[PDB]
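Only one chain is given next, in structure tokens, and it is the form deposited in one PDB entry.
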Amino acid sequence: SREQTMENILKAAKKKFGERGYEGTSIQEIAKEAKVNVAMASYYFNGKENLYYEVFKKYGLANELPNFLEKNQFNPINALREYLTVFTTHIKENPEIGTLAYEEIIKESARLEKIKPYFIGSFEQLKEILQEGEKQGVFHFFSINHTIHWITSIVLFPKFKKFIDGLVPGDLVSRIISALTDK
């Protein structure tokens, strides 16, 4: 019942913050969405700023990711496919993470710093998988920086990709992999 209520409030926080952003969302709005009074929301989460962080802590990218390269016997295509599947599926089921993150990147706020780990943590692996695929002659790209840039844009901002798709004539993961294995 404690956990249920805490979960209810975090689900509501994610929903409302995702709709209106940090500033446009109130603790009252959230509490109302969660069917609890404001005092109940303060008790568990102690104010707007910390609730926002707990939203990223709970629904952000899971911090305990296996090593995808080892998990996939150092087959980089297989490692990248699994990595990207894990990560794009997460953003599909928790889209607010993507849209809130990619927002705060523009406001360059103090929130950004505390938020980073919960959508950024796995980029190190993404670098390793790519560099090992390049080393194996299985991936081809101009630079690692350029490639992480467009791959993480798709991961965090899949709707921009849909938007460009509407203007210029799939499966996201397969499309990332085809762009990399083009020789």
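In this text, residue numbers run from 1 along the sequence as written.
Enquirer: Report, from the record, the number of residues in the deposited sequence between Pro169 and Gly170 that have no coordinates, as none, 1 to 3, 4 to 9, or 10 or more.
Expert: 10 or more residues lack coordinates between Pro169 and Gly170.
Enquirer: Look up the CA B-factors in the entry and say which stretch, 118-126 or 27-35, has the higher mean.
Expert: The stretch with the larger average C-alpha B-factor is 118-126.
Enquirer: Would you determine, from the values in the PDB entry, which of 90-98 and 106-114 has the greater average C-alpha temperature factor?
Expert: According to the PDB entry, the answer is 106-114.
Enquirer: Go through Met40, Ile151, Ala62, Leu51 one by one and give the residue whose Cα B-factor in the PDB entry is largest.
Expert: Going by the entry's C-alpha B-factors, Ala62 comes out highest.
Enquirer: Relative to the other modelled residues of the same chain, rank the CA B-factor of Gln73 and answer lowest, middle or highest third.
Expert: Within its chain, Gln73 is a highest-third residue by C-alpha B-factor, going by the deposited values.
Enquirer: Using the B-factor values recorded in the entry, state whether the Cα atom of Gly137 falls in the lowest, middle or highest third among the modelled residues of its chain.
Expert: CA B-factor rank for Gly137: middle third.
Enquirer: Comparing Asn46 with the other modelled residues of its chain, is its CA B-factor in the lowest, middle or highest third?
Expert: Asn46: CA B-factor falls in the highest third of its chain.
Enquirer: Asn67's Cα B-factor: lowest, middle or highest third of the chain?
Expert: It falls in the top third of the chain.
Not on display, but discussed next: the form deposited in another entry.
Enquirer: From the list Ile27, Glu49, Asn37, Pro95, return the one residue or range at the hinge between the rigid parts that rotate between the shown form and the other one.
Expert: Of all listed residues, the hinge one is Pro95.
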